[PDB]
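To begin, one chain is listed below as structure tokens, in the form deposited in one PDB entry.
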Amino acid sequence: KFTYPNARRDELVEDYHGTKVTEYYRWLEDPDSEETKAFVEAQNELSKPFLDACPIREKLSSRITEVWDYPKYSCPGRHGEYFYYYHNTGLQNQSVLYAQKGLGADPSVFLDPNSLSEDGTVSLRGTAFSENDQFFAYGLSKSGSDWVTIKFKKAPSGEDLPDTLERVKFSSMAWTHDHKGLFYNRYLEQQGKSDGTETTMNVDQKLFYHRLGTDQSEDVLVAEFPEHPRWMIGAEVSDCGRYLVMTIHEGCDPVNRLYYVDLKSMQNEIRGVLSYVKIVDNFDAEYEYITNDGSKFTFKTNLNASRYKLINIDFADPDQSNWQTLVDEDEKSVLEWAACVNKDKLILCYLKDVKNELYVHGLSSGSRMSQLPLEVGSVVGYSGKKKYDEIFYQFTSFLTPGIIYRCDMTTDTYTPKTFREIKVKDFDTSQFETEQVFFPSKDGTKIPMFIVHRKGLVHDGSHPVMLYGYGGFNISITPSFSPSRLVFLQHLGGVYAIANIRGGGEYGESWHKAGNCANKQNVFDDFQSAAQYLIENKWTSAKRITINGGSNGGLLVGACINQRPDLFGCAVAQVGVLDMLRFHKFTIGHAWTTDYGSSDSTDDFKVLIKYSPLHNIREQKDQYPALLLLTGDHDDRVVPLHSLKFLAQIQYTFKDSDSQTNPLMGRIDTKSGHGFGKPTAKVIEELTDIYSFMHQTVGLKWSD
């Protein structure tokens, strides 16, 4: 009974290695045409009244906002005599950066991003203080785009400097220790727009050096690789300031080349393309800089260690035969990151069965000295420089918004203190609990899954489920706090489940490879097996399951509704990649071929054509679940044409279907992008729409 917008069908046939593939809505790849703008407007004019028609929408938005309304803080970061920290009073669109001369001093406002936009659509993206704590570089993104403008302030006053760097994207921000400038990345001029609404592919990223007090036109091009247009040059200055560490990536695999430049030994100042020394001239393994003592550098690596380890490479004898293991690879746990504090102490964060653990090691020997206790959850923030003598770290979990710890690092015992407790106001979290189960996938592999629910739940199959997943790009989906999840559990009788499906990094690179490239179908099988597990164990039934995912998780949702529509009642795919044959042709999509492959390859196409959601919409005996696609017109990470073309094709496929009664809709937001830096007001509106859509499609019941 749903009337879907008109969408002109333009038969476009293309040959992929002998296989003819036809699509009908490629005109939606042009975001600037009147036809595409009319399609976007018509889809919003259909979904907005349907979402607003939810009878509990006001109650839902009010409760999400009330649960969300609590003071939030980042860890305090020391920079000289001043500490800097982000703080949100509760519902501010963007967090404010404060400065205080000591932990006990009254703070001053250092940078309020809310002062730059009436609707909070200007957000910070990347920050870096100078080594002498006197200057502060920061990136600004408009309307959620990946494009960045780098600006500068004096610290701690916050007074603006005139320096402005444009066309910055996916950029480093590394000050030289002479406090005279920094390294950053930018793209040269391109045809058309560069504001987040274009689909133009980004290649030939350059590394530049900007000197303070000069125009950007005077910046020195220090590194470029025109023979490898997809290479991206990460730049970092060593802790002592002597070395420029160049980490070169191609794609999204946890691997990188490792070059360096001895800045101090340079005969002259930075004036041209820098001559570098190659330490690792391949993409075989990761080499992530931790610290260095003179010429001996400590790196985190996955070289012959899928669960990661720490090695030492001395630039004075850099052949691989001289490398030494500093911290052995753990037999079970994944080493997520390491940080050096107080000259010769290391903070190592591990992931053990999708739960974070923290340990203190010695830099000289790599030997373990202590464990910092944590509850079941994730470490989402850290502060602790090599030159300072204490650390701060932020912990979060499903029922814990935040705990900020402080640990003195000057003694041989490491007893962390609670610095801040971040809690929801007037909410009894003791009524709920989290369980971790391991369910067998289609091939028999055991997959971890967190299930958050009310205590005393009986397994009668009556409870609605929000099933979340991602599955790809070495990303581990670890416990975190969500205010809307609390409302779902408290007022909508909900059960929330995360399936740690393959493709992620929960169990190392082998877990990642088991769900990428030719093994991508394993990811979808794991997620479908998660829904089957919840049904078989009577947590829920298929009609009560809502699946949700974003970006690569949006691809997960799209493939799962095509393959097993009988397993779900609702589906919410946010900013999802849905045309798997053309994703690599837009913006930064070429970097994802390390997990997806590319339709340019004959072998990769045979894999992609089987699960590309846009090309696998088929009516089955069971109707498709209710579908809500969410994207923004400035999502230049995953261009919104993915959602637009999928929406047009799925609405056409079921236009004459008697059996399809569930709605297939989409919401295209304005002045927002992939998600990072989205203002709080838009986030709450989006969560209200998600649970309003579920209430209208899977029969949720509101309880006050």
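So that there is no doubt, residue numbering starts at 1 and follows the sequence shown.
The next section is about a form of this same protein that is not shown, the form deposited with a small molecule bound.
Think of it this way: in the deposited bound form, the small molecule has a heavy atom of just one of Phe170, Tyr350, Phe315, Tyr287 within 4.5 Å, and the residue is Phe170. Contact with the small molecule in the deposited bound form, defined as a heavy atom within 4.5 Å, holds for exactly one of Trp539, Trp592, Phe299, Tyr184, namely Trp592.
In summary, the region of this chain contacting the small molecule in the deposited bound form, judged by heavy atoms within 4.5 Å and restricted to 426 to 434, 159 to 167, 467 to 475, 85 to 93, corresponds to 467 to 475.
Within 4.5 Å of any heavy atom of the small molecule in the deposited bound form lies no heavy atom of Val334. Taking the partner from the other structure, the small molecule in the deposited bound form has no heavy atom within 4.5 Å of any heavy atom of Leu647. Under a 4.5 angstroms non-hydrogen atom cutoff, the small molecule in the deposited bound form has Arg637 among its neighbouring residues. Taking the partner from the other structure, the small molecule in the deposited bound form has no heavy atom within 4.5 Å of any heavy atom of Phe395.
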